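Residue numbering for the sequence shown is 1 to 283, 285 to 286, 290 to 358, as defined by mature numbering (1 follows the signal peptide of the UniProt record, and there is no 0). So the structure is just underneath, and the comments pick up after that.
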Amino acid sequence: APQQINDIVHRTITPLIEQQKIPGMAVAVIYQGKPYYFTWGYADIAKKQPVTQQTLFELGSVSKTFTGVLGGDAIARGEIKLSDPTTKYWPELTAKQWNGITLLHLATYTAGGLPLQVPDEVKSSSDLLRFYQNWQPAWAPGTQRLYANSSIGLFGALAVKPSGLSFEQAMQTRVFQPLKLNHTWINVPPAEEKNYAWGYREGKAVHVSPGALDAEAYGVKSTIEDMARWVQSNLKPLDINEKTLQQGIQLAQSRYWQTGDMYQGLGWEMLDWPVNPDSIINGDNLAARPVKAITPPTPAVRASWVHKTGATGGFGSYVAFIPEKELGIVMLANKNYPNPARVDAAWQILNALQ
Numbered sequence: 001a002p003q004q005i006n007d008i009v010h011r012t013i014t015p016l017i018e019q020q021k022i023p024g025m026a027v028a029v030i031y032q033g034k035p036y037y038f039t040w041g042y043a044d045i046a047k048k049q050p051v052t053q054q055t056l057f058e059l060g061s062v063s064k065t066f067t068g069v070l071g072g073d074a075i076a077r078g079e080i081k082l083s084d085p086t087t088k089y090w091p092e093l094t095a096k097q098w099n100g101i102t103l104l105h106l107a108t109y110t111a112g113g114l115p116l117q118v119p120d121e122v123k124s125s126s127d128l129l130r131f132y133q134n135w136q137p138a139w140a141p142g143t144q145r146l147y148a149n150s151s152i153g154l155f156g157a158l159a160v161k162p163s164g165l166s167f168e169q170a171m172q173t174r175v176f177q178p179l180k181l182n183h184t185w186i187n188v189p190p191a192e193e194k195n196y197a198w199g200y201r202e203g204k205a206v207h208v209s210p211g212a213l214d215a216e217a218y219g220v221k222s223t224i225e226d227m228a229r230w231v232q233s234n235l236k237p238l239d240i241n242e243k244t245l246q247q248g249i250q251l252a253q254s255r256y257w258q259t260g261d262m263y264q265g266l267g268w269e270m271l272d273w274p275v276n277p278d279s280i281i282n283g285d286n290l291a292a293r294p295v296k297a298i299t300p301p302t303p304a305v306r307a308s309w310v311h312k313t314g315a316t317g318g319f320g321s322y323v324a325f326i327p328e329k330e331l332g333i334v335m336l337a338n339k340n341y342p343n344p345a346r347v348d349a350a351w352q353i354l355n356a357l358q
């Protein structure tokens with residue numbers, strides 16, 4: 001990589017790894033359509049396996065970006081509309097608090113206080129129904145944003161219903177495969193286990209536990225290479241050949257709501273570029293916030309800092325790109341460490357490259 005890129009990356013990441021005691025980490029910088037990869041430490045401390053460009057990391061919430069794009073693609077195909085009421089896709093949701101809650105609200109965490117986590121006792125399809133039927137909103141829809149897996153996760157499951165495909169088959173077929181993300185998985189197959197890094201929490205090796213709506217909200221695993229390719233696809237969607245996928249990517253970066261200096265897309269979150277670092281950096286763990297509707301939603305704005313933070317019990321990831329500068333970055337680590345530290349590192353790096 002150009003010495004410049006090499007230096008800013010190493011001088012920023014090296015101290016990060018040491019301060020946060022991160023076991024392993026991979027970073028990709030995408031500059032003008034070219035990726036440069038970097039790796040440090042261990043994917044598996046016990047068996048001394050190093051992190052490589054083929055190491056699979058749990059993306060955690062960064063998976064919501066794939067979900068937002070797949071949903072965006074379903075919209076482009078004419079299969080669903082964000083203005084459709086949720087009950088159109090789950091008519092069994094007859095409890096009246098659901099009247100007025102649209103797929104847009106589910107996708108952008110504005111349904112009225114859907115919880116951060118689906119409860120652990122929710123197993124079966126009927127258990128999920130019961131959870132949503134019994135949930136009591138704190139707010140009318142479209143008034144406040146409360147980050148929630150139970151919200152976009154539900155969006156993801158309904159989004160793929162007209163297609164006939166399961167969420168995983170839709171994702172592989174309409175998103176992963178077309179984008180040639182061949183080492184990106186919702187379920188890691190036995191053949192790829194040798195590359196599946198262990199996450200580390202309190203010194204113990206851990207992998208994400210199965211859970212209701214996990215695939216839709218936080219269950220994707222991927223390599224720094226596929227993730228860099230994911231970033232390039234989002235940086236330049238107009239270069240994607242699949243018509244609906246190209247529109248889907250654009251739809252996921254549309255600004256639907258505003259809170260403070262942040263705009264909510266489908267999965268992706270955005271701020272106007274240039275951004276104040278303390279605006280995105282300090283902008285840390290998930291609170292209840294009033295939202296102003298953007299009527300109609302603003303189409304993807306090239307001068308934006310588009311990003312998504314993500315974590316599982318043992319992994320910490322972050323993705324950010326500036327379309328206008330054809331610049332992006334991916335940081336994958338097998339330790340959930342403070343969000344502000346990820347954003348600060350990403351900012352030092354990207355700001356240095358323009």
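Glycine included, each C-beta is placed from N, C-alpha and C at the ideal position.
**OP:** Could you name the residues of the same chain whose beta carbon sits closer than 6 Å to that of residue 248, not counting the 5 residues immediately before and after it, in chain order?
**Re:** The beta carbon of residue 248 lies closer than 6 Å to those of 69, 72, 73, 76 in the same chain, with the five residues before and after it left out.
Original post:
Can you tell me whether residue 261 is buried or exposed, with buried defined as 16 or more other CB within 10 angstroms of its CB?
Top reply: Residue 261 comes out exposed.
Subject >> Sequence-distant residues of the same chain with beta carbon closer than 6 Å to residue 113, five excluded per side >> reply: Hits under 6 Å: 137, 138, 139, 146.
Original post:
For residue 339 versus residue 196, is the C-beta distance shorter than 9 Å?
Top reply: With respect to residue 196, residue 339 sits apart: the two C-beta atoms are not nearer than 9 Å.
**OP:** Mind the definition here: the stretch 224-240 touches the stretch 323-332 only if three or more C-beta pairs lie below 8 Å; say whether that holds.
**Re:** Segment contact: the stretch 224-240 against the stretch 323-332, three or more CB-CB distances shorter than 8 Å; contact assigned.
Original post:
Using the C-alpha atoms, what's the distance from residue 4 back to residue 158?
Top reply: One alpha carbon belongs to residue 158, the other to residue 4, and they sit about 46 Å apart.
Original post:
Using 8 Å as the threshold, is the stretch 204-217 in touch with the stretch 314-323, meaning 3 or more CB pairs across them?
Top reply: Judged by Cβ distances under 8 Å, the stretch 204-217 makes contact with the stretch 314-323, as three or more pairs qualify.
**OP:** Might you give, ordered along the chain, the residues of its own chain that have their beta carbon closer than 7 Å to the beta carbon of residue 33, omitting 5 neighbours on each side?
**Re:** If we look at residue 33 and ignore the five residues flanking it on each side, its Cβ neighbours are 232, 330.
Original post:
In or out: residue 14 buried (at least 16 other Cβ within 10 Å) or exposed?
Top reply: With fewer than 16 other Cβ atoms within 10 Å, it is exposed.
Original post:
Is residue 269 buried or exposed, if buried means 16 or more other CB atoms sit within 10 Å of its CB?
Top reply: By the neighbour-count rule (16 or more Cβ atoms within 10 Å), residue 269 is buried.
Original post:
Taking the Cβ atom as the reference point for each residue, do residue 218 and residue 149 lie within a distance shorter than 9 Å?
Top reply: Yes, the Cβ-Cβ distance between residue 218 and residue 149 is below 9 Å.
**OP:** Rounded to whole angstroms, what's the CA-CA distance from residue 55 to residue 7? Just pull it up for me.
**Re:** Each residue's Cα considered, the two are about 23 Å apart.
**OP:** Starting from residue 141, follow the alpha helix (DSSP H) in both directions and report where the run begins and ends.
**Re:** Element bounds for residue 141: n/a, residue is neither H nor E.
Subject >> Cα-Cα separation, residue 254 to residue 352 >> reply: Their Cα atoms are separated by approximately 26 Å.
Original post:
Exposed or buried, residue 311, counting other C-beta atoms within 10 Å across all chains shown (16 or more means buried)?
Top reply: Burial call: buried.
Original post:
What three-state label does DSSP hand residue 258 in the structure shown?
Top reply: Residue state for residue 258 is assigned as strand, using DSSP reduced to three classes.
**OP:** Going by DSSP, name the residue or residues bridged to residue 306.
**Re:** According to DSSP, residue 306 bridges with nothing at all.
**OP:** May I have the straight-line CA-CA distance separating residue 42 from residue 102, to the nearest angstrom?
**Re:** Whole-angstrom Cα-Cα distance: 44 Å.
**OP:** At 4 residues or longer, and completely inside the stretch 120-195: list those alpha helix (DSSP H) runs for me, N to C.
**Re:** Those alpha helix (DSSP H) runs which fall completely within the stretch 120-195 and span 4+ residues are 125-134, 149-159, 167-171.
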